[PDB]
Amino acid sequence: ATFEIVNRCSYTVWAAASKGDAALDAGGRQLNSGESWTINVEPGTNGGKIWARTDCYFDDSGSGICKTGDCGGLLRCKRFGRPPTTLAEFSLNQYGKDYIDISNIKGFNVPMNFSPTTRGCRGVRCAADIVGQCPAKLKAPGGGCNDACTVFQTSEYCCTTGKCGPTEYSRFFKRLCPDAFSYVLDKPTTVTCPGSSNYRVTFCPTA
């Protein structure tokens, strides 16, 4: 499946694409404002994610650091990134269907639209000013708004017992972005698309 990743933000982002134990395509690339990066993702890929990283410095070997979403210091990510990261998540060709969603369970750093470019399903967006409105205790110095599991490490925010409810913190994310997951047991906002759909992820869809 092809994903076109477009940076509509006024600032540079370093896109990342991983399935947690391997890079997807090249794994990451710098995108200046306006630039688009087309990747191919193998059919059947389960648990893929795409995210943006902000304020990164990389050396000639592709080693360095980013203030949000850093994936162990690498330009080309093999592993998932450090929160806070707005996530576009997908599992492809799962019993004839693709499944996509946007999640704030690892916090929020950049607004995003995740939409098919082929027919048969709708896209999802989280474009609110979550960092501007972020409760004081979740603000990340690096930039971004952390989720409460990352900050407080409790069984209730991390849903570690498989039973947990919404919280003051998850309801903040949900109020601003109803179509994104706000906690691990949120009512699912997953969209089902035809198997082998193609997609576009756009950072800063409104700006």
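Residues numbered from 1 in each chain as written, not as in the entry; some residues may be left out. Heavy atoms only, no water.

The name given to the protein in the PDB entry is Thaumatin-1, with the source organism recorded as Thaumatococcus daniellii. Listed as the entry title in the PDB record is "High dose Thaumatin - 0-40 ms". Recorded in UniProt for the protein, the comment headed Function runs: "Taste-modifying protein; intensely sweet-tasting. It is 100000 times sweeter than sucrose on a molar basis." Checking UniProt for the protein, the heading Sequence similarities contains the comment "Belongs to the thaumatin family." (UniProt positions renumbered as here; feature names shortened; annotations may be inferred.)

Undergrad: What should I look at first to understand the packing of aromatic side chains in this one?
TA: Where two aromatic rings form a pair, the distance of their centres and the angle of their planes describe that pair. Per the stated rule, a full pass over the model turns up 10 aromatic pairs. Ring geometry for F152 versus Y157: centroids 5.7 Å apart, planes at 45°, classification tilted. Since its relative accessible area comes to 35%, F152 is described here as partly exposed. Three or more aromatic residues joined by ring pairs form one cluster here, namely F3, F90, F114 and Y199. The residue whose ring lies beneath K49 is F80, and the NZ or CZ to ring-centre distance is 5.3 Å. (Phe/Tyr/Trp six-rings, centres within 6.5 Å; stacked < 30°, edge-to-face > 60°. Buried < 20%, exposed > 50% of the residue type's maximum accessible area, 1.4 Å probe, protein only. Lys NZ or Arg CZ within 6 Å of the ring centre and 35° of its normal.)

Undergrad: In this structure, what is going on with the nonpolar core? I would like to understand it.
TA: One broad trend across soluble globular proteins is that nonpolar side chains are buried collectively. If you look at the biggest cluster of nonpolar residues, it comprises 41 residues, and the most contacted ones within it are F3, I50, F90, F114, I130 and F203. A total of four residues in this core trace back to one element, the largest contributor, which is helix α4 (residues 168-176). Discounting chain neighbours no more than four positions away, the residues touching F3 are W37, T38, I39, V41, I50, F90, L92, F114, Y199 and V201. (Core = buried A, V, L, I, M, F, W, Y, C linked by side-chain atoms within 4.5 Å. Helix = DSSP H or I, 4+ residues; strand = E, 2+ residues; numbered from the N terminus. Contact = heavy atoms within 4.5 Å.)

Undergrad: Explain the UniProt feature "disulfide bond" in the protein here, please?
TA: Of the disulfides listed in UniProt, the one linking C9 with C204 is reproduced by the coordinates, which place the two sulfurs 2.0 Å apart. Of the two residues, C9 is situated in the loop between β1 (2-7) and β2 (13-18) and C204 in the segment after β13 (199-203); the sequence distance between them amounts to 195 residues. Residue classification places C9 among the buried residues on the basis of a relative accessible area of 0%. Sulfur atoms of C56 and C66 sit 2.0 Å from each other, so the disulfide annotated by UniProt is realized in this structure. Note that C56 is positioned in strand β5 (residues 48-58) and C66 in strand β6 (residues 64-68), a separation of 10 residues in sequence. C66 carries the same exposure label as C56, and that label is buried. (Disulfide = S-S within 2.5 Å.)

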